[PDB]
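All values below come from the heavy atoms of this structure, side chains included, with hydrogens, waters and symmetry mates left out. To find a chain, count down the sequence lines: A is the first, B the second, and so on, and within it residues start at 1.
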Amino acid sequence: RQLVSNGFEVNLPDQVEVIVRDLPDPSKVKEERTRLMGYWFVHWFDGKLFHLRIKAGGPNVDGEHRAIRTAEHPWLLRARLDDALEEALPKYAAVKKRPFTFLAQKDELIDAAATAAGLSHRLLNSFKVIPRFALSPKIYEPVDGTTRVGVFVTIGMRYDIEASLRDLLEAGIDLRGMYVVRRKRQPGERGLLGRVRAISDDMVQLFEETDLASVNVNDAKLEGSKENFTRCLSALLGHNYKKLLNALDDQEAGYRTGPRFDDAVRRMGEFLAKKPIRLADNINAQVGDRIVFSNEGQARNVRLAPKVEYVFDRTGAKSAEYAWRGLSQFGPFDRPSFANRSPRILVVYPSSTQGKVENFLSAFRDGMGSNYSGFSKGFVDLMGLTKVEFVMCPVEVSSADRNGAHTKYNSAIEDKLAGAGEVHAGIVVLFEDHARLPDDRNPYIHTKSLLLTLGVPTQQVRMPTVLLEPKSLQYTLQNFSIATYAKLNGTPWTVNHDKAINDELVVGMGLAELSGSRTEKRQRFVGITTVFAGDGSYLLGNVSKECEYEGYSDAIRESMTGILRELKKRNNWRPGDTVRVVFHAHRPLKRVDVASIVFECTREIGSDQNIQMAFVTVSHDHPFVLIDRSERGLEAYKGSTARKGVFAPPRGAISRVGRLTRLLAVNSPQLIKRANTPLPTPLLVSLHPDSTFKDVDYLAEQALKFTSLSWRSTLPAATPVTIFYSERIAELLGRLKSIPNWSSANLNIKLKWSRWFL
RNA sequence: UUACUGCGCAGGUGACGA
DNA sequence: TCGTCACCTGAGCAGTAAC
Ligand SMILES: [Mg+2]
């Protein structure tokens with residue numbers, strides 16, 4: 001067993017002589033870093049200023065002399081390494097600092113892609129795609145108790161349209177509504193100027209503007225987004241444009257794919273190693289071996305968790321390693337107890353889509369047949385219901401109507417339901433042009449609002465989805481059917497876990513930031529989800545209707561304390577029973593929040609039981625990546641020479657970075673989509689230092705199980721449902737807070753068991 | 001807004017300290 | 001009020017759906 005990292009060992013001196021002096025006000029640090037520039041590295045920490053002489057010659061410095069040892073206090077050399085790595089690469093210019101980030105000098109993938117697919121155009125040479133390397137010096141533990149410093153290498157692509165705006169007009173590219181950014185930017189200033197309304201003389205007209213309502217064509221380029229790229233190129237190349245993207249895709253894979261990335265990291269290391277890195281003029285550092293995660297000798301830095309089982313009965317007999325293979329065979333987890341076996345479902349659609357909807361509904365309810373083995377049985381027989389009655393609600397509305405769409409939908413729903421009687425759920429079909437209208441006239445959010453107020457949960461769908469070719473539709477209907485069943489109060493599947501303790505609660509927090517435009521300032525909302533341990537199973541609990549970011553810390557403990565009281569009454573804990581509480585979020589909580597949570601929970605359950613509490617954070621966007629060299633990968637498809645997910649660690653691999661931090665692999669070769677897919681990056685799982693429960697390996701495995709618990713999809717989610725579901729609830733409820741005639745009254749009455757947020 | 005995955009860009013934000 | 005280490009969020013395009 002061995003997993004290789006994207007980092008290199010850094011040999012540092014055992015000791016270093018530093019000059020220190022008390023400096024309670026950090027305000028004076030910036031001026032001193034300038035005064036001593038060139039001769040001293042300077043660093044502020046815990047009320048004191050530290051000075052490392054990096055070059056002989058004055059000026060001089062006062063204070064106590066102390067020997068800072070690397071093994072004990074690695075943070076000083078780690079910080080110094082940020083600057084020293086830059087100085088060691090003078091022919092590479094820093095596009096950003098800490099981490100030190102720079103670009104490849106020779107390579108440019110659009111040029112190479114033009115040659116490879118054989119395309120040619122004038123302005124093509126003004127669309128630049130340049131590899132981007134970052135070097136992050138990070139502290140890690142080979143074994144518990146000992147800390148070292150490693151330099152980790154990450155690669156990205158810099159997309160940039162330096163083409164002038166006057167050129168893109170004359171070539172027939174419509175610039176109306178494209179975002180625009182500055183060329184020179186600009187001691188700490190903003191880049192985003194605004195959107196393009198039209199161009200005057202040597203002047204652009206900006207709506208949704210960040211500052212001024214206009215700028216010179218010279219002081220403004222398009223932002224290097226996919227959107228802007230695809231929009232420009234397609235107008236300059238179509239239909240030969242798709243040929244360029246496949247070509248560009250091949251080039252990028254030349255840096256992103258496992259073997260390629262491993263190679264690129266290897267080559268980066270040799271280059272950094274080829275000379276000593278001058279920490280000072282007399283003090284040297286040196287890049288060593290590629291850092292590994294292994295169980296070699298005293299080290300215990302890698303394990304593979306078992307496969308996640310999907311469970312479809314209360315005992316645990318019926319199970320599978322995939323959700324859909326399991327559901328097809330056994331049916332949903334709660335079939336025996338599922339109350340409503342003849343659900344009436346409202347279907348709201350533009351009258352002009354009648355025929356296309358009927359077929360989609362036919363496929364959904366009654367299946368696509370054995371020719372399309374992804375979705376054969378159809379919703380009814382799949383979930384083990386008697387039947388599904390549709391109440392058809394056509395809407396006199398057209399895609400071109402972008403101001404009256406929402407009132408037309410709501411009028412039609414209102415008038416339909418007035419007769420009709422009670423409906424248990426609804427499906428709403430949307431025009432592509434209506435899907436992203438502002439919330440004041442968006443039919444998605446307004447129908448959602450109306451129907452959720454009335455206690456009717458909805459699964460919505462856009463017309464391009466309804467019109468998918470059969471081969472895609474079958475997978476679409478898998479997800480559609482799973483979510484709809486869950487919105488009808490269903491429990492499709494669970495994941496295995498054998499209870500070691502008498503009860504286990506996991507609560508998660510998710511964040512949404514809402515805004516009508518980029519210019520407009522973003523308002524923050526928060527959601528809370530809960531997962532319980534059961535007999536052999538994890539069970540999704542109740543969900544918040546509380547919303548605002550302010551007092552989020554209070555909302556957490558109220559959810560926790562109220563739930564703990566409910567759990568204690570329900571399960572009636574014995575003296576000496578252990579209760580565990582775990583918190584998940586994408587950010588760490590404050591120490592004061594942890595202390596407060598801990599106190600309130602502890603006293604609420606009382607002294608009769610033992611309380612274990614852990615506060616976990618989950619990162620997607622860190623500098624670590626895992627490489628498994630024993631992984632040959634899988635056929636890109638049955639059955640070619642190309643392979644996908646080469647060098648990709650198995651799903652469930654857990655690597656030890658430190659005492660509080662683990663790396664979790666989630667995307668196996670099986671799940672990786674195609675040959676050009678980059679090497680996956682693992683989830684970083686971090687335990688808050690004030691946690692009373694400590695087994696982070698267990699918690700990393702628990703987080704993995706919770707990615708399989710999502711009923712949005714048949715395939716696992718990117719993050720555990722505790723956070724993911726909470727983000728969805730934060731977005732919806734945040735958006736609904738601005739829709740008139742919205743009430744949450746039914747969220748814990750008619751919708752109490754509905755997973756309406758999927 | 002069936003989703004998953006990936007990526008680009010943009011905005012910044014979080015925690016810890018004194 | 002600021003240093004320091006860290007990485008989150010939203011929008012949108014494109015390819016593919018775990019023996
Ligand atoms: Mg959904």
Side-chain angles (χ1 to χ4, degrees), chain A residues 23-26 29 43-49 75 78-79 82 98-99 129 136 138 156-160 179 181 190-192 210 222-231 245 249 252 256 321-325 374 428-430 432 434-436 442-445 448 458-462 465-466 468 472-484 511-515 518 522 524 586-591 617 619-623 634 637 651 667-674 676-678 680 684 688-689 710 712-718 727 731 758:
Chain A
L23 193 272
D25 186 32
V29 173
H43 195 257
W44 187 91
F45 179 68
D46 230 343
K48 287 132 67 175
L49 215 173
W75 48 263
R78 193 224 68 79
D82 273 310
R98 41 209 138 50
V129 168
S136 306
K138 298 286 281 186
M157 295 299 151
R158 171 169 186 273
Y159 279 49
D160 177 42
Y179 283 92
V181 60
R190 197 172 296 191
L192 192 71
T210 53
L222 293 166
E223 65 174 5
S225 54
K226 255 39 143 42
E227 195 182 357
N228 277 346
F229 264 73
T230 60
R231 276 224 269 164
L245 293 183
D249 189 39
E252 291 183 322
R256 301 185 186 290
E321 58 170 329
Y322 314 117
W324 186 257
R325 111 135 87 88
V428 175
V429 182
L430 301 164
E432 181 55 37
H434 295 167
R436 274 171 282 156
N442 192 305
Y444 167 90
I445 197 72
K448 191 68 75 177
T458 48
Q459 177 57 68
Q460 311 217 358
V461 59
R462 305 176 285 93
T465 300
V466 170
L468 286 174
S472 298
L473 194 64
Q474 60 184 342
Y475 298 121
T476 295
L477 289 173
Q478 285 181 352
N479 301 330
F480 193 95
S481 301
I482 291 160
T484 299
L511 188 62
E513 307 190 352
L514 309 186
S515 220
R518 290 214 228 156
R522 301 197 272 187
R524 308 215 270 177
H586 286 155
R587 291 300 209 177
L589 288 175
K590 289 182 189 74
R591 303 196 64 205
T617 132
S619 286
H620 291 72
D621 212 318
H622 46 86
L634 265 49
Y637 55 85
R651 184 177 165 82
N667 290 305
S668 61
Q670 237 170 5
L671 284 158
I672 287 161
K673 305 292 177 181
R674 23 101 83 176
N676 295 55
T677 302
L684 178 72
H688 203 281
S710 162
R712 295 196 85 203
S713 64
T714 208
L715 295 175
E727 284 164 345
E731 192 196 322
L758 298 172

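Contact annotation: side chain of A:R190 to base of B:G11, donor-acceptor pair absent below 3.5 Å. Counting atom types as modelled, A:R591 pairs no side-chain N or O with a base atom of B:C16 as donor and acceptor under 3.5 Å. Contact of A:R712 with B:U2 (side chain to base): no donor-acceptor pair of N or O atoms is detected under 3.5 Å.
In terms of phosphate contacts, A:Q478 brings no side-chain nitrogen or oxygen within less than 4.0 Å of OP1 or OP2 of B:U2. Regarding contacts with the backbone of C:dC5, a side-chain N or O of A:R78 is found under 4.0 angstrom from either OP1 or OP2. Remark: A:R231 is not in phosphate contact with B:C9, judged by side-chain N or O atoms under 4.0 Å from OP1 or OP2. Residue A:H586 places none of its side-chain N or O atoms closer than 4.0 Å to OP1 or OP2 of C:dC7. Here A:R436 reaches the OP1 or OP2 of C:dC13: one of its side-chain N or O atoms lies under 4.0 Å away. Between A:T465 and B:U2 there is a side-chain polar atom (N or O) within less than 4.0 angstrom of OP1 or OP2. For the OP1/OP2 pair of C:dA17 and a distance below 4.0 Å, the side-chain nitrogens and oxygens of A:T714 include no atom meeting the criterion. The shortest distance between the side-chain N/O atoms of A:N667 and the OP1/OP2 oxygens of B:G6 is below 4.0 Å. Between A:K590 and B:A15 there is a side-chain polar atom (N or O) within less than 4.0 angstrom of OP1 or OP2. Of the side-chain N and O atoms in A:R158, none sit less than 4.0 angstrom from OP1 or OP2 of B:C9. Checking the phosphate oxygens (OP1, OP2) of B:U1, a side-chain nitrogen or oxygen of A:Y444 falls inside 4.0 Å.
Within the nucleic acid shown, A:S136 has no heavy atom closer than 4.0 Å to any nucleic acid atom. Within the nucleic acid shown, A:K48 has no heavy atom closer than 4.0 Å to any nucleic acid atom. Among the atoms of the strands shown, only primed sugar atoms or phosphate atoms (P, OP1, OP2) are found under 4.0 Å from some heavy atom of A:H622. Residue-level contact check: A:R462 touches the bases, meaning some heavy atom is under 4.0 Å from a base atom. Contacts of A:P689 with the nucleic acid, taken as non-hydrogen atoms under 4.0 Å apart, are absent. At the heavy-atom level, A:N676 lies nowhere under 4.0 Å from the strands shown. Nucleic acid contact for A:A718: sugar-phosphate only, since backbone atoms but no base atoms lie under 4.0 Å from a heavy atom of the residue. If you check every strand for non-hydrogen atoms under 4.0 Å, A:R518 touches sugar and phosphate atoms only. Residue contacts shown for A:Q459 are limited to sugar-phosphate atoms, with no base heavy atom under 4.0 Å away.
Listed candidates were C:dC19, C:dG12, B:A18. Nearest to the side chain of A:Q670 is C:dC19. Here the nucleotide nearest the side chain of A:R587, chosen from B:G12, C:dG12, B:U2, is B:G12. Distances from the side chain of A:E513 to the nucleotides C:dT9, B:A15, C:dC7 place C:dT9 closest. When each of C:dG12, C:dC7, B:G11 is scored by its nearest atom to the side-chain atoms of A:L192, the top-ranked nucleotide is B:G11. Set against B:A15, B:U1, C:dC13, the side chain of A:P588 has B:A15 as its closest nucleotide. Nearest to the side-chain atoms of A:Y159 among the listed nucleotides C:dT4, C:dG10, B:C9 stands B:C9. Of all nucleotides listed (B:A10, C:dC19, C:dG3), C:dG3 comes nearest to the side chain of A:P26.
Between A:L758 and A:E223, the one whose closest nucleotide on RNA chain B sits nearer the 5' end is A:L758. When each of A:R522 and A:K138 is assigned the nucleotide of DNA chain C bearing its nearest heavy atom, the one mapping closer to the 5' terminus is A:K138. Along RNA chain B, the nucleotide closest to A:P680 and the one closest to A:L511 are compared, and the more 5′ of them pairs with A:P680.
By the 4.5 Å heavy-atom criterion applied to side chains, A:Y444 and A:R436 are not counted as neighbours. Taking the side chain as every heavy atom from C-beta outward, A:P716 and A:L671 approach each other to under 4.5 Å. Counting only heavy atoms from C-beta outward, the side chains of A:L222 and A:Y179 never approach each other to under 4.5 Å. A heavy-atom distance below 4.5 Å is not found between the side chains of A:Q460 and A:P443. In this structure the side chain of A:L511 reaches within 4.5 angstrom of the side chain of A:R524, judged on heavy atoms. Between A:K138 and A:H622, every side-chain heavy-atom pair lies at or beyond the 4.5 Å cut-off. With contacts defined as side-chain heavy-atom distances shorter than 4.5 Å, the pair A:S619/A:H586 does not qualify.
When the P atom is compared between B:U2 and C:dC19, the two are found 24 Å apart, to the nearest whole Å. Rounded to the nearest Å, the gap between the P atom of B:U1 and that of C:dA17 is 23 Å.
Distance, A:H620 NE2 to B:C7 P: 12 Å, rounded to whole Å. Across the protein-nucleic acid pair, A:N479 atom CG and C:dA18 atom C1' stand 13 Å apart, rounded to whole Å. In this entry the distance linking CG of A:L245 with P of C:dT16 reads 13 Å, nearest Å. Summarising the geometry, the separation between CG on A:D249 and P on C:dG15 is reported as 8 Å, rounded to the nearest angstrom. We find that NZ of A:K673 is positioned 20 Å from P of C:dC13, with the value rounded to whole Å. Between the CD atom of A:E727 and the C1' atom of C:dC8 there is a distance of 10 Å, rounded to whole Å. Remark: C1' of C:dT16 and CG of A:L671 are 12 Å apart, rounded to the nearest angstrom. Between A:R674 atom CZ and B:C7 atom P there is a gap of 11 Å when expressed in whole angstrom units.
Secondary-structure annotation of DNA chain C gives the stems B:2-7 with C:12-17, B:9-18 with C:1-10, with a stem taken as at least 3 successive Watson-Crick or G-U pairs whose two distances both fall under 3.5 Å.
A salt bridge links A:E223 with A:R518: at least one charged nitrogen is closer than 4.0 Å to a carboxylate oxygen. The pair A:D249-A:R674 meets the salt-bridge criterion, with a side-chain N (NZ, NE, NH1 or NH2) lying under 4.0 Å from an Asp/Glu carboxylate O. Between A:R158 and A:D160 there is a salt bridge, with a side-chain nitrogen of the basic residue lying less than 4.0 Å from a carboxylate oxygen of the acidic one.
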* side chain to side chain contact (heavy atoms under 4.5 Å, CB included) between A:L514 and A:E731, intermediate numbers included -> CA-CA 7 Å; A:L514 309 186; A:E731 192 196 322; 4.1 Å; yes

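In this pair, A:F480 does not lay its aromatic ring on the base of B:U2; centres under 5.5 Å and planes under 30 degrees do not both hold.
Shown here for A:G374 and A:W324, the closest heavy-atom pair between the two residues is O-CZ2, 3.2 Å.
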